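Peer 1: Before I ask anything, here is the structure I am working with.
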2 protein chains.
Amino acid sequence: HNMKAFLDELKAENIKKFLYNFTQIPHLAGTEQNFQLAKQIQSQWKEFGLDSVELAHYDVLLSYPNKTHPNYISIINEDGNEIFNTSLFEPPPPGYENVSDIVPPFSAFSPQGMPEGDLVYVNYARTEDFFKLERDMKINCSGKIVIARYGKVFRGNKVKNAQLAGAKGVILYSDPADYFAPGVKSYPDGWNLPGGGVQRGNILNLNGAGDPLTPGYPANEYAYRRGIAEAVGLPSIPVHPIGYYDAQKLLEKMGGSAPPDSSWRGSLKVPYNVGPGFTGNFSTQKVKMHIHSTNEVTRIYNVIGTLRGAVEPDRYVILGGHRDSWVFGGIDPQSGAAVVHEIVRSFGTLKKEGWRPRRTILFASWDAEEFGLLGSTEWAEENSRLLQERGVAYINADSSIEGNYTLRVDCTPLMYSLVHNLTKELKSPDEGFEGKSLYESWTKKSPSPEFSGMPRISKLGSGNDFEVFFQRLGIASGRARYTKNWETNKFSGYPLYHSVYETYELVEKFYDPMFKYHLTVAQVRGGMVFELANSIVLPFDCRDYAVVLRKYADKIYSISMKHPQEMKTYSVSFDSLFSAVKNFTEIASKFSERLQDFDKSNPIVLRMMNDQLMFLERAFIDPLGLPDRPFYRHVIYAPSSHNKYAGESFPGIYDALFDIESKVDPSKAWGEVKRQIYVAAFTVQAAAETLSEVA
Amino acid sequence: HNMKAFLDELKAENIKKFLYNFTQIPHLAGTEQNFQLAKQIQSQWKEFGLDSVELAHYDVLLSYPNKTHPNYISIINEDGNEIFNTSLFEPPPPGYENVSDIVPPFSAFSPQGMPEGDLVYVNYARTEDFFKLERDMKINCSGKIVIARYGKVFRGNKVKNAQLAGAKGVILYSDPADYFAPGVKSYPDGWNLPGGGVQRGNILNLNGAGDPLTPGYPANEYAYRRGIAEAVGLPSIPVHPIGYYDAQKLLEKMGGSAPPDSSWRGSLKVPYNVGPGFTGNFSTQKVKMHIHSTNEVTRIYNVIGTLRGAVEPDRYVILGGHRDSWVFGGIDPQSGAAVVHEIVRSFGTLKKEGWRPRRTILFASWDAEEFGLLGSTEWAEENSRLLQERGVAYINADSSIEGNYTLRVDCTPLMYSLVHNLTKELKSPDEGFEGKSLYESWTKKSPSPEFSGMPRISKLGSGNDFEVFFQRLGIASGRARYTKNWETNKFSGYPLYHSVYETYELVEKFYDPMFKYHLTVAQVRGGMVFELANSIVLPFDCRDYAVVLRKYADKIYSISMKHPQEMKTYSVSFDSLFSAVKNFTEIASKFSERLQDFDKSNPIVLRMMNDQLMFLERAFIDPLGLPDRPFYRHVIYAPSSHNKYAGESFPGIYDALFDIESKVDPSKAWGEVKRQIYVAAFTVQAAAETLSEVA
Ligand SMILES: *[C@@H]1O[C@H](CO)[C@@H](O[C@@H]2O[C@H](CO)[C@@H](O)[C@H](O)[C@H]2NC(C)=O)[C@H](O)[C@H]1NC(C)=O
Ligand SMILES: *[C@@H]1O[C@H](CO)[C@@H](O[C@@H]2O[C@H](CO)[C@@H](O)[C@H](O)[C@H]2NC(C)=O)[C@H](O)[C@H]1NC(C)=O
Ligand SMILES: *[C@@H]1O[C@H](CO)[C@@H](O[C@@H]2O[C@H](CO)[C@@H](O)[C@H](O)[C@H]2NC(C)=O)[C@H](O)[C@H]1NC(C)=O
Ligand SMILES: *[C@@H]1O[C@H](CO)[C@@H](O[C@@H]2O[C@H](CO)[C@@H](O)[C@H](O)[C@H]2NC(C)=O)[C@H](O)[C@H]1NC(C)=O
Ligand SMILES: *[C@@H]1O[C@H](CO)[C@@H](O[C@@H]2O[C@H](CO)[C@@H](O)[C@H](O)[C@H]2NC(C)=O)[C@H](O)[C@H]1NC(C)=O
Ligand SMILES: *[C@@H]1O[C@H](CO)[C@@H](O[C@@H]2O[C@H](CO)[C@@H](O)[C@H](O)[C@H]2NC(C)=O)[C@H](O)[C@H]1NC(C)=O
Ligand SMILES: *[C@@H]1O[C@H](CO)[C@@H](O[C@H]2O[C@H](CO)[C@@H](O)[C@H](O)[C@H]2NC(C)=O)[C@H](O)[C@H]1NC(C)=O
Ligand SMILES: *[C@@H]1O[C@H](CO)[C@@H](O[C@H]2O[C@H](CO)[C@@H](O)[C@H](O)[C@H]2NC(C)=O)[C@H](O)[C@H]1NC(C)=O
Ligand SMILES: *[C@H]1O[C@H](CO)[C@@H](O[C@H]2O[C@H](CO)[C@@H](O)[C@H](O)[C@H]2NC(C)=O)[C@H](O)[C@H]1NC(C)=O
Ligand SMILES: *[C@H]1O[C@H](CO)[C@@H](O[C@H]2O[C@H](CO)[C@@H](O)[C@H](O)[C@H]2NC(C)=O)[C@H](O)[C@H]1NC(C)=O
Ligand SMILES: *[C@@H]1O[C@H](CO)[C@@H](O)[C@H](O)[C@H]1NC(C)=O
Ligand SMILES: *[C@@H]1O[C@H](CO)[C@@H](O)[C@H](O)[C@H]1NC(C)=O
Ligand SMILES: *[C@@H]1O[C@H](CO)[C@@H](O)[C@H](O)[C@H]1NC(C)=O
Ligand SMILES: *[C@@H]1O[C@H](CO)[C@@H](O)[C@H](O)[C@H]1NC(C)=O
Ligand SMILES: [Zn+2]
Ligand SMILES: [Zn+2]
Ligand SMILES: [Zn+2]
Ligand SMILES: [Zn+2]
């Protein structure tokens, strides 16, 4: 009927209702119950109105602890073992006293083993630096259990960087210093992190992507698995998660040496000593890890709803988010799955009245995402050939909240204008903004730098299910949540990240009581999907990619100019890239201009025009992918070989330049940079020629 | 105006005329004259009617001999050198007495050097077997100049396989046994091969593809070259071409041992002895190679004509062939470039009358093709992003003749019906077929096996410029020449292959005097291009790919069943592949059925339908390419890792199974096969799902 009709049908009492139906039971990927909910969402979506809706399943390498011989850490001495055994679970949150299946905190895909040894504290594991700083104090971690605190680099590396040091095992704990909001209680009546609360998470290093055994190809029934030994990124030494009341007891007896800088202190009731083993009455004392987990090929299910387009049924607009959780999924991911759920119900409500989108809309409820985005990925490995030629845009939908302090958006420069324009025509739920545009609300609370006349839109890359569609296939995409003030709280995710206490009540009673915020994100998300899958000419605006590219070039250029001498020494130019960028900007100009003058009456032209737009995003994908990582192919946006969080764009160049100073062979060193500058340039140029007049 | 109008405008007196204008001067790729002709064809095409026409150029690693210190081989003894020095050129053919620039026979990209050593004859170099048969007679070729005869495996390997034996250098000669048509004279009044005639050719091993220095990326002005040392497939020991009058003198004094089988005899006025060095009065005698050639980064030019479509200007149909020759290019490639030339002139003639093709037609005159398909490739490396999403079909056009005995076609099963249907409505030039369809002529003279009710259509793969478009990008394509009787002459190419005597007169006076054949191929070629770039629904017919796939599976399946025991031992099934094939066939069925029922009135559907067709060919491309060769990505058709000429389809599986008997680790051995069967299957299946109902 019309955009409005759609939005207006999105009620909060439903998303609230839904969140509740999804939170009561543990839905660990592969579990006998995650499957029941799969079936549920399947059935429920057919009822709302979807045309097609089925389960996509793959046999994926998953991993769980042995219910019989539980995992834990402890301290040993003169043949004495019992000396303090770790928690065997997390104190079940309130109402969830007697609830079967809650799985004991555990690092996924950890190798079996019961290693004995001294400990060596490490600021958030090897942020590279931190372990590249054990030479400043003679420390051969080899044969020593390194304990590190979550934060900074994605935990995987923490474990891997830990292997490159010699580690015998890894103790990863959630330190208050990082995520423990100043001035709040511990979950029950908290909102913050309880001492017994542990943060689950997987330690796979699938740099690129896939099930650790089916790289490039689907984990279908007739597939050929690799074999643990030759798998993809499995850790080589045991790993286990600790709560801080529990981390303290370990860091307590910790008897090391001079803790480098003042940053290595995690604000705990103890002194942060790095040095090996314990001291004093504790000298024969040593920590022992007990991990008895097994990796199993498990069947996983993806729910895939389908709403046939009316005009361009061969063009796909995807709205997807994972359903598989770690325990209940208060926020991650149920807080998002419900929004999706309402969004479908609404489109469904609309299909029943006799309406269809211009383009086709696909809804997915990914599985195994907490185990390495397995679900979404393998389904895409499978349908590349179609997404590749039909993928229009992909909108991801995991957690919907993190705060009350405004809207958060991440997306391909193509969808900026869309986000902008849409958000302007949307009611702001924020407190103190009666009848104010969501845009107004959003802008004021987090002004986009450089041109604060508008909202801050960040980049995608690395993380949720969108990873595949964006950094591997090249499908324009974005995400949108509700977050905290970027200055009051400086830390990463929300406290209680992958913890037990991530429960329904936690949201309803501390985050979004009225569910305003959830409803908003829902309108935001909905709109995107809607516009994308229904607006005559695609909601993309190439000009923006121009604008950003320049900035990108400048930023990367100045990184290189941090060696003005070495640059002229080895003849390292940048005109090429900057050139390419230039034309892109000039080429995009004319295309945009040319986009308004054509008579939208003639389809083929419209289409031809549209495909230029659709495929532009794909134009930035280099088939050969990045260096030693083939599943990251987005020349522009893509995880940096090195620091994935503190990274930039033009990863190729960045990694090339990263720490070039101490590069042993000064010549090849710049050859590489001098090289990526080339590719980056080539790509930008080619990406541009796309928008250049066909024929 | 109409298909006919086009064909009827193709006159023989022009193609004849053209061939003459292109043959009078040496156009070695990169030469100051190959560039003049580039400019010529550029100008000439604009005049015929093309809308756009420009030069695409890249700086490519080429290679030529030193005009001052000429290359040659010879025999040495007790400090005596002069003992028989090789020919320093080929006796200039007739009228071409005083013609500057004729380049002395030479193996391209050969390393410098003047090695001394005994010789060791080898049946057509290591067909693998031949060198894998020097153990049956204690022979460490190490530090020994191996001389081998062109034939069987593509010369590159001959040289490489020669390196794996220890070779110090390589003497490659054109032996009569193989190509010397029984019952003909030596060129001048010949048609056959003169004794002094030498066959040029490059020895690069670009398995995948590209300029040996710009792999994956264009050899544009700002590119970053690799560096000889770390180049792609350069030989590591000198190589030089010999004529047989000259090969004899070397094989003459040849004093070896027991020449294995009876096949190692090249019908020369001498006994074919393998064994090291010479015998008798010749014992201190040893051959010395003198190669002083240099590899240089040379500018190359590609002429690219453009005829804007009228409806689908974003969809490309390409007609292309190389222009760069080795000396004059009697046949290869001028014999084809003229056909193209006439074809353009005709379409041009037609554009001027106020007509345009539905789809866009692109005409290319590739450069550097004799040096490693460099021209075509690098232009494609550059425009992948467009061909990838707009490439409809690519028709190659090198030599147009090889015989008088009927038509030859090679092409993606998709274009069979097109070739069939087109050829039926075409006049047959053959002698003894007055008013008979070219189809009739063609069928009768070479019946397609299995279903002889129709013409034999062979597969593409490895060779001419189409390599890129087909085995790397995945663009449906084909070729068409006029060849010899497949039974009267059993050898490979035509005598005088890459020789001097490949001259205009050679064609006009021995091959196609009236130019009937050239005109035909021209209509054949034209038609393809025409239909493809103008017929409403694409001239493709997926059903055929079904039919062929089965056959392929069967054939490969039976190769595996050559070990019924080992198969059950290691659980090696084939149901998956056969399954996939099944559905493909079933899926294609419905798509085809579904293709006739839709109302061709509604464009978008037509288009959606069309893209299914267009992209099907691309559906068979595995991004990860084949094992240790990333530029060969066509799961179905693609050079076999091992025997490139005597190879099959499903290369993955084939190579996996090839010589599995003597595979050291019997377990991993089948793991690999058990693996490719998987991928092949996956691909076939995925390739099929493409044709499955969108949305
Ligand atoms: C969970 O751990 C137990 C350890 O008791 C595993 O049992 C092993 O296998 C069988 C019993 O299934 C015993 O004969 C072995 O002695 C046990 N060895 C070990 C690992 O201690 C059990 O297999 C594990 N869970 C399962 C069934 O996979
Ligand atoms: C959600 O927003 C409310 C505001 O409506 C937050 O409440 C304040 O939280 C801060 C801590 O950041 C306290 O210092 C204040 O005392 C609280 N009330 C005031 C004065 O606003 C609430 O903490 C937020 N919780 C989240 C992020 O869900
Ligand atoms: C977002 O909205 C703005 C204005 O509402 C659009 O830009 C204007 O578009 C109209 C017609 O589309 C043109 O006549 C104006 O010249 C444009 N002005 C500006 C500010 O450029 C913009 O195209 C919209 N973007 C999308 C696709 O949502
Ligand atoms: C062609 O070969 C000659 C050999 O005489 C090369 O000359 C070398 O380089 C200079 C002259 O250009 C002399 O000083 C050297 O002594 C020569 N050395 C060699 C290879 O013998 C000449 O360079 C070659 N062609 C070119 C100019 O590239
Ligand atoms: C082209 O075709 C003619 C036939 O029109 C060939 O002439 C015959 O060639 C064979 C050798 O294959 C001789 O034995 C005959 O004596 C020739 N005449 C007859 C009886 O047909 C001619 O050789 C062919 N040359 C090519 C391949 O261009
Ligand atoms: C080649 O020609 C044949 C017949 O001339 C085509 O097949 C017939 O096509 C018509 C209409 O297209 C159908 O009504 C018949 O049922 C078809 N019969 C057969 C033999 O299948 C065929 O489609 C043509 N192929 C192309 C695309 O050139
Ligand atoms: C979530 O809601 C659905 C429907 O509102 C519930 O549906 C199931 O349970 C009902 C009993 O309360 C049965 O009568 C339905 O037949 C059954 N259908 C489905 C969807 O499988 C579902 O149980 C709710 N989840 C819970 C238990 O909270
Ligand atoms: C091939 O044919 C062309 C045109 O028919 C020739 O054209 C060039 O030479 C002419 C002299 O014969 C000049 O008058 C033309 O201006 C010039 N134009 C071009 C195409 O460059 C061309 O020389 C012929 N090639 C030869 C020498 O055989
Ligand atoms: C919560 O109470 C129940 C019932 O008293 C306890 O569950 C026990 O019985 C269940 C069958 O109804 C089994 O599924 C449980 O495995 C079993 N629990 C034990 C003793 O292992 C349950 O333990 C209580 N909650 C807890 C774990 O303290
Ligand atoms: C063919 O005759 C010519 C002229 O007599 C010879 O060419 C010589 O003069 C040319 C200038 O017109 C130069 O370009 C040639 O390099 C030069 N040739 C020599 C002697 O090296 C030509 O040699 C004769 N053909 C041959 C090579 O025998
Ligand atoms: C570990 O579990 C408890 C924890 O305090 C300890 O008392 C016990 O001795 C240890 N396990 C055993 C029984 O060896
Ligand atoms: C466009 O930018 C490219 C960068 O690759 C540059 O080389 C080229 O010269 C520019 N276009 C023009 C007008 O030449
Ligand atoms: C090689 O060239 C001729 C060929 O017979 C020979 O006579 C000569 O001695 C050799 N080169 C020289 C002059 O050393
Ligand atoms: C189609 O073929 C595939 C081969 O991958 C097979 O697994 C599948 O079962 C077939 N389709 C059906 C109807 O299941
Ligand atoms: Zn999540
Ligand atoms: Zn998560
Ligand atoms: Zn050729
Ligand atoms: Zn050739």
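Chain A is numbered as in Swiss-Prot; shown residues: 56-750, in order.
So how was this one determined? The header says X-ray crystallography, 3.5 Å.
A Cβ is built for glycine as well, from the same backbone N, Cα and C atoms used for every other residue.
Annotated active site, nucleophile per Swiss-Prot: A:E424, in sequence order. What Swiss-Prot lists as active site, charge relay system is A:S628, A:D666, A:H689. Taken from Swiss-Prot, the feature substrate binding site covers A:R210, A:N257, A:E424, A:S517, A:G518, A:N519, A:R534, A:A535, A:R536, A:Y552, A:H553, A:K699, A:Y700. Look at Swiss-Prot and you will find A:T269, A:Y272, A:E433, A:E436 tagged as Ca(2+) binding site, backed by experimental evidence. Taken from Swiss-Prot, the feature Zn(2+) 1 binding site applies to A:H377, A:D387, A:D453, supported by experimental evidence. Under the heading Zn(2+) 2 binding site, Swiss-Prot lists A:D387, A:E425, A:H553. If you look up Swiss-Prot, you'll see A:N76, A:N121, A:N140, A:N153, A:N195, A:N336, A:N459, A:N476, A:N638 marked as N-linked glycosylation site. Taken from Swiss-Prot, the feature region 'NAALADase' applies to A:274-587.
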Peer 1: Other than A:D387, A:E425, A:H553, which residues of the same chain sit close to Zn(2+) 2? List them in sequence order, counting a residue when its Cβ is within 8 Å of the Cβ centroid of the site.
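Peer 2: Along the chain, the qualifying residues are A:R255, A:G256, A:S380, A:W381, A:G384, A:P388, A:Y552, A:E557.
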Peer 1: Go through the recorded positions A:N195, A:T269, A:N336, A:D387, A:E436 and tell me which ones have a CA within 10 A of the CA of A:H553 (substrate binding site).
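Peer 2: Cα within 10 Å of A:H553 (substrate binding site): A:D387.
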Peer 1: Translate the DSSP assignment of A:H377 (Zn(2+) 1 binding site) into the three-state scheme.
Peer 2: strand
Peer 1: How many neighbouring Cβ atoms, not counting its own, are there within 10 Å of the Cβ of A:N195 (N-linked glycosylation site)?
Peer 2: 12
Peer 1: Considering Cα atoms only, can you say which of A:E425, A:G518, A:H689, A:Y700 is the nearest neighbour of A:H377 (Zn(2+) 1 binding site) among these recorded positions?
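Peer 2: Looking at Cα distances from A:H377 (Zn(2+) 1 binding site), the smallest one goes to A:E425.
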Peer 1: From the recorded positions A:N121, A:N140, A:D387, A:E436, pick the residue whose C-alpha lies nearest to the C-alpha of A:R534 (substrate binding site).
Peer 2: A:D387
Peer 1: Around A:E425 (Zn(2+) 2 binding site), how many other CB atoms lie within 10 A of its CB?
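Peer 2: Result for A:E425 (Zn(2+) 2 binding site): 23 other Cβ atoms within 10 Å.
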Peer 1: Take the C-alpha atoms of A:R536 (substrate binding site) and A:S628 (active site, charge relay system) and report the distance between them in angstrom, rounded.
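Peer 2: With the alpha carbons as reference points, the distance is 41 Å.
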Peer 1: For A:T269 (Ca(2+) binding site), which of the three DSSP-derived states applies: helix, strand, or coil?
Peer 2: strand
Peer 1: Which ones, out of the recorded positions A:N121, A:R210, A:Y272, A:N459, A:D666, A:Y700, lie near enough to chain B that their C-beta is under 8 angstroms from one of its C-beta atoms?
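Peer 2: Listed recorded positions passing the 8 Å Cβ cut to B: A:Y272, A:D666.
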Peer 1: Pick from A:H377, A:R536, A:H553: which of these binding-site residues has the biggest number of other Cβ atoms within 10 Å of its Cβ?
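Peer 2: Of the binding-site residues A:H377, A:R536, A:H553, the highest Cβ count within 10 Å belongs to A:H377.
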Peer 1: Give the sequence-ordered set of same-chain residues, not counting A:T269, A:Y272, A:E433, A:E436, with Cβ within 8 Å of the centre of the Cβ atoms defining the Ca(2+) site.
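Peer 2: For the Ca(2+) site the neighbour list reads A:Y113, A:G265, A:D266, A:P270, A:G271, A:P273, A:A274, A:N275, A:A278, A:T432, A:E437.
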Peer 1: Say you check the Cα of A:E433 (Ca(2+) binding site) against those of the recorded positions A:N195, A:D387, A:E425, A:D666; which is nearest?
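Peer 2: Considering only the listed recorded positions, the nearest one is A:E425.
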Peer 1: Translate the DSSP assignment of A:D387 (Zn(2+) 1 binding site) into the three-state scheme.
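Peer 2: Reduced to three states, the DSSP call for A:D387 (Zn(2+) 1 binding site) is coil.
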Peer 1: Which one is it, among the recorded positions A:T269, A:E424, A:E436, A:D453, that lies nearest to A:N336 (N-linked glycosylation site) by Cα separation?
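Peer 2: Given the candidates A:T269, A:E424, A:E436, A:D453, the nearest one is A:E424.
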